[PDB]
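Peer 1: I am attaching a structure below and will ask some questions about it afterwards.
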Amino acid sequence: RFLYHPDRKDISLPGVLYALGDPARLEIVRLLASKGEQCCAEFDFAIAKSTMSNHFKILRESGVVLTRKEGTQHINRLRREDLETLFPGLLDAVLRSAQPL
Amino acid sequence: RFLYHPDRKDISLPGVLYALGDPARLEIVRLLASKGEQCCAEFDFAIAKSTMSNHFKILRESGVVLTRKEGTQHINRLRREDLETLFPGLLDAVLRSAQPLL
Ligand SMILES: [Cl-]
Ligand SMILES: [Cl-]
Ligand SMILES: [Cl-]
Ligand SMILES: [Cl-]
């Protein structure tokens with residue numbers, strides 16, 4: 001079922017901003033807010049699977065993405081309820097100027 | 001006289017977020033936004049000056065901070081117009097959610 005996720009007390013703005021500080025990690029967050037839950041395979045970035053796995057590990061450890069294992073799929077979800085509880089209005093400002101890749 | 005700064009055409013939102021993705025780098029920006037132009041010496045948020053020299057380097061090359069040499073002093077300026085013309089409402093959104101560390 002659910003993969004590792006930090007608690008809300010352990011989420012910082014420097015970690016969220018670090019996880020959004022990559023072209024791929026930001027497109028993952030842009031698509032997870034516009035298209036809802038998505039499996040890791042829908043992200044067809046032309047990058048190695050070692051870099052993609054680390055990207056999702058950063059997304060999870062930062063408090064931004066909640067990943068779940070249902071079958072053989074890795075389902076990711078934007079933890080927007082928790083990010084708007086700590087930082088109200090931040091995700092919207094980042095997604096305003098986020099240009100689609 | 002004026003250290004490297006990227007043109008507004010080459011500043012990306014991911015690069016700006018990576019430069020605010022450090023508690024020390026975010027503290028520098030929050031001080032440059034509240035108290036104005038500050039010198040690198042007014043920020044001792046590290047045991048190593050190499051760690052601090054790399055912080056301003058990331059802030060400079062990412063398009064957030066402009067640094068200028070005035071004698072024995074490097075003065076740092078927040079590029080507010082550039083970050084607000086490209087990313088409207090982002091810096092104020094980041095600054096209002098930042099916890100003061102000073
Ligand atoms: Cl390859
Ligand atoms: Cl998958
Ligand atoms: Cl001169
Ligand atoms: Cl100085």
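So you can find residues: chains in the structure tokens are A, B, ... in the order shown, residues in each start at 1, and ligands are numbered from 1 in order.
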Taking a cut-off of 8 Å and counting only C-alpha atoms and all ligand atoms, can you build a table that, for each residue of chain A near ligand 2, reports the nearest atom pair and how far apart they are in Å (one decimal), sorted by chain then residue number, as a tab-separated table?

Peer 2:
residue	atom	partner	partner_atom_place_in_ligand_line	distance
A:39	CA	ligand 2	1 (Cl)	4.6
A:40	CA	ligand 2	1 (Cl)	4.2
A:41	CA	ligand 2	1 (Cl)	4.5
A:42	CA	ligand 2	1 (Cl)	7.5
A:72	CA	ligand 2	1 (Cl)	6.8
A:73	CA	ligand 2	1 (Cl)	3.9
A:74	CA	ligand 2	1 (Cl)	4.3
A:75	CA	ligand 2	1 (Cl)	6.7

Peer 1: Take the residues that were just selected and, keeping C-alpha atoms, output them as a PDB file, in the first residue's frame.

Peer 2:
ATOM      1  CA  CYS A  39       1.155   6.343 -11.950  1.00  0.00           C
ATOM      2  CA  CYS A  40       4.950   6.856 -12.317  1.00  0.00           C
ATOM      3  CA  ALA A  41       4.804   5.400 -15.854  1.00  0.00           C
ATOM      4  CA  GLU A  42       2.540   8.152 -17.235  1.00  0.00           C
ATOM      5  CA  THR A  72       2.343  -3.336  -9.752  1.00  0.00           C
ATOM      6  CA  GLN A  73       1.643   0.388 -10.221  1.00  0.00           C
ATOM      7  CA  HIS A  74       3.133   3.229  -8.136  1.00  0.00           C
ATOM      8  CA  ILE A  75       0.290   5.778  -7.657  1.00  0.00           C
TER       9      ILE A  75
END

Peer 1: Up to 7 Å from chain A, what residues of chain B turn up? Count only C-alpha atoms and give them as a short mmCIF file (atom, residue, chain, number, x, y, z; two decimals) with C-alpha atoms, in the first residue's frame.

Peer 2:
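Contents of result-v7.cif, freshly written:
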data_model
loop_
_atom_site.label_atom_id
_atom_site.label_comp_id
_atom_site.auth_asym_id
_atom_site.auth_seq_id
_atom_site.Cartn_x
_atom_site.Cartn_y
_atom_site.Cartn_z
CA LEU B 13 11.27 28.82 -12.18
CA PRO B 14 12.99 25.45 -11.21
CA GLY B 15 16.41 27.18 -10.77
CA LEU B 17 13.07 27.26 -6.39
CA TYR B 18 16.36 25.29 -5.91
CA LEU B 20 15.13 29.08 -2.15
CA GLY B 21 15.26 25.35 -1.22
CA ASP B 22 17.92 25.92 1.44
CA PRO B 23 17.09 27.34 4.97
CA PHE B 87 7.01 34.81 -11.68
CA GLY B 89 3.26 36.68 -6.88
CA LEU B 90 5.83 33.96 -6.22
CA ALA B 93 4.03 33.81 -1.54
CA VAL B 94 7.38 32.31 -0.48
CA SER B 97 5.21 31.26 4.39
CA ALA B 98 8.89 31.47 5.52
#

Peer 1: Residues within 12 Å of ligand 4 should be enumerated using only C-alpha atoms and all ligand atoms and returned as a PyMOL selection string.

Peer 2: chain B and resi 37-44+49+52-53+56+67-76

Peer 1: For the structure I just gave you, how does DSSP split chain B - specifically, which residues are alpha helix (DSSP H)? Reply as a PDB file with C-alpha atoms, in the first residue's frame.

Peer 2:
ATOM      1  CA  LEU B  13      11.274  28.816 -12.176  1.00  0.00           C
ATOM      2  CA  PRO B  14      12.994  25.452 -11.215  1.00  0.00           C
ATOM      3  CA  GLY B  15      16.415  27.179 -10.767  1.00  0.00           C
ATOM      4  CA  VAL B  16      14.834  29.889  -8.550  1.00  0.00           C
ATOM      5  CA  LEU B  17      13.073  27.261  -6.394  1.00  0.00           C
ATOM      6  CA  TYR B  18      16.357  25.291  -5.905  1.00  0.00           C
ATOM      7  CA  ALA B  19      18.008  28.499  -4.666  1.00  0.00           C
ATOM      8  CA  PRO B  23      17.090  27.343   4.973  1.00  0.00           C
ATOM      9  CA  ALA B  24      20.195  29.605   4.755  1.00  0.00           C
ATOM     10  CA  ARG B  25      19.599  30.785   1.147  1.00  0.00           C
ATOM     11  CA  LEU B  26      15.934  31.508   2.026  1.00  0.00           C
ATOM     12  CA  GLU B  27      17.082  33.434   5.081  1.00  0.00           C
ATOM     13  CA  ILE B  28      19.350  35.588   2.866  1.00  0.00           C
ATOM     14  CA  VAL B  29      16.441  36.406   0.484  1.00  0.00           C
ATOM     15  CA  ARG B  30      14.008  37.206   3.325  1.00  0.00           C
ATOM     16  CA  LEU B  31      16.540  39.642   4.818  1.00  0.00           C
ATOM     17  CA  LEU B  32      17.301  41.232   1.407  1.00  0.00           C
ATOM     18  CA  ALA B  33      13.535  41.776   1.011  1.00  0.00           C
ATOM     19  CA  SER B  34      12.909  43.289   4.458  1.00  0.00           C
ATOM     20  CA  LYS B  49      32.910  30.252   4.117  1.00  0.00           C
ATOM     21  CA  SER B  50      33.107  27.771   1.189  1.00  0.00           C
ATOM     22  CA  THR B  51      29.521  26.731   2.083  1.00  0.00           C
ATOM     23  CA  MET B  52      28.480  30.433   2.142  1.00  0.00           C
ATOM     24  CA  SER B  53      30.425  31.297  -1.083  1.00  0.00           C
ATOM     25  CA  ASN B  54      28.484  28.474  -2.792  1.00  0.00           C
ATOM     26  CA  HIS B  55      25.161  29.788  -1.364  1.00  0.00           C
ATOM     27  CA  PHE B  56      25.543  33.208  -2.986  1.00  0.00           C
ATOM     28  CA  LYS B  57      26.855  31.566  -6.148  1.00  0.00           C
ATOM     29  CA  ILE B  58      23.610  29.539  -6.394  1.00  0.00           C
ATOM     30  CA  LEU B  59      21.546  32.642  -5.602  1.00  0.00           C
ATOM     31  CA  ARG B  60      23.461  34.628  -8.272  1.00  0.00           C
ATOM     32  CA  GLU B  61      23.454  32.046 -11.093  1.00  0.00           C
ATOM     33  CA  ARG B  80      12.645  41.920  -7.456  1.00  0.00           C
ATOM     34  CA  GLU B  81      11.505  43.250 -10.902  1.00  0.00           C
ATOM     35  CA  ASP B  82      12.911  40.158 -12.690  1.00  0.00           C
ATOM     36  CA  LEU B  83      11.341  37.624 -10.322  1.00  0.00           C
ATOM     37  CA  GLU B  84       8.046  39.573 -10.287  1.00  0.00           C
ATOM     38  CA  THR B  85       7.894  40.132 -14.108  1.00  0.00           C
ATOM     39  CA  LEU B  86       8.590  36.413 -14.782  1.00  0.00           C
ATOM     40  CA  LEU B  90       5.831  33.959  -6.224  1.00  0.00           C
ATOM     41  CA  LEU B  91       8.299  35.773  -3.933  1.00  0.00           C
ATOM     42  CA  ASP B  92       5.576  37.288  -1.818  1.00  0.00           C
ATOM     43  CA  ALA B  93       4.034  33.808  -1.540  1.00  0.00           C
ATOM     44  CA  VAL B  94       7.375  32.313  -0.484  1.00  0.00           C
ATOM     45  CA  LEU B  95       8.207  35.159   1.967  1.00  0.00           C
ATOM     46  CA  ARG B  96       4.804  34.995   3.730  1.00  0.00           C
TER      47      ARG B  96
END

Peer 1: Please give me, as a VMD selection string, the residues lying within 9 Å of ligand 1 when counting only C-alpha atoms and all ligand atoms.

Peer 2: chain A and resid 46 to 49

Peer 1: Near range 7-10 of chain A, counting only C-alpha atoms, which residues have an atom at most 9 Å away, once you skip same-chain residues fewer than 3 positions from it, shown as a PyMOL selection string?

Peer 2: chain A and resi 62-63+82-83+85-86

Peer 1: CA of residue 50 in chain A and CA of residue 64 in chain A, how far apart in Å?

Peer 2: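 If I compute the distance from CA of residue 64 in chain A to CA of residue 50 in chain A, I get 19.7 Å.
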
Peer 1: Which residues in range 56-100 of chain A does DSSP call strand (DSSP E)? List them as a PyMOL selection string.

Peer 2: chain A and resi 65-69+74-78

Peer 1: Grab the residues selected above and save them as an mmCIF file, in the first residue's frame with N, CA and C atoms.

Peer 2:
data_model
loop_
_atom_site.group_PDB
_atom_site.id
_atom_site.type_symbol
_atom_site.label_atom_id
_atom_site.label_comp_id
_atom_site.auth_asym_id
_atom_site.auth_seq_id
_atom_site.Cartn_x
_atom_site.Cartn_y
_atom_site.Cartn_z
ATOM 1 N N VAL A 65 4.540 14.687 -2.239
ATOM 2 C CA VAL A 65 3.817 13.618 -2.963
ATOM 3 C C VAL A 65 3.625 12.381 -2.111
ATOM 4 N N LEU A 66 2.421 11.834 -2.149
ATOM 5 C CA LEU A 66 2.102 10.598 -1.440
ATOM 6 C C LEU A 66 1.965 9.486 -2.475
ATOM 7 N N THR A 67 2.875 8.517 -2.431
ATOM 8 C CA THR A 67 2.880 7.407 -3.373
ATOM 9 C C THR A 67 2.250 6.176 -2.734
ATOM 10 N N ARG A 68 1.473 5.417 -3.519
ATOM 11 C CA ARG A 68 0.795 4.186 -3.039
ATOM 12 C C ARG A 68 1.022 3.052 -4.031
ATOM 13 N N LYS A 69 1.171 1.828 -3.530
ATOM 14 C CA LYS A 69 1.327 0.632 -4.383
ATOM 15 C C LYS A 69 0.026 -0.148 -4.314
ATOM 16 N N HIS A 74 2.751 2.296 -9.221
ATOM 17 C CA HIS A 74 3.133 3.229 -8.136
ATOM 18 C C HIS A 74 2.299 4.506 -8.288
ATOM 19 N N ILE A 75 1.237 4.645 -7.491
ATOM 20 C CA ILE A 75 0.290 5.778 -7.657
ATOM 21 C C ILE A 75 0.700 6.965 -6.805
ATOM 22 N N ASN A 76 0.835 8.124 -7.434
ATOM 23 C CA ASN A 76 1.298 9.341 -6.747
ATOM 24 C C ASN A 76 0.151 10.330 -6.597
ATOM 25 N N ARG A 77 0.137 11.075 -5.499
ATOM 26 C CA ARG A 77 -0.912 12.082 -5.251
ATOM 27 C C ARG A 77 -0.307 13.324 -4.637
ATOM 28 N N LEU A 78 -0.721 14.484 -5.121
ATOM 29 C CA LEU A 78 -0.285 15.751 -4.502
ATOM 30 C C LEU A 78 -0.947 15.900 -3.136
#

Peer 1: Could you check how far CA of residue 29 in chain A sits from CA of residue 51 in chain A, in Å to one decimal?

Peer 2: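 A separation of 16.3 Å between them.
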
Peer 1: Just the number, please: distance in Å from CA of residue 100 in chain A to CA of residue 11 in chain A, one decimal.

Peer 2: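 Going from CA of residue 100 in chain A over to CA of residue 11 in chain A covers 26.2 Å.
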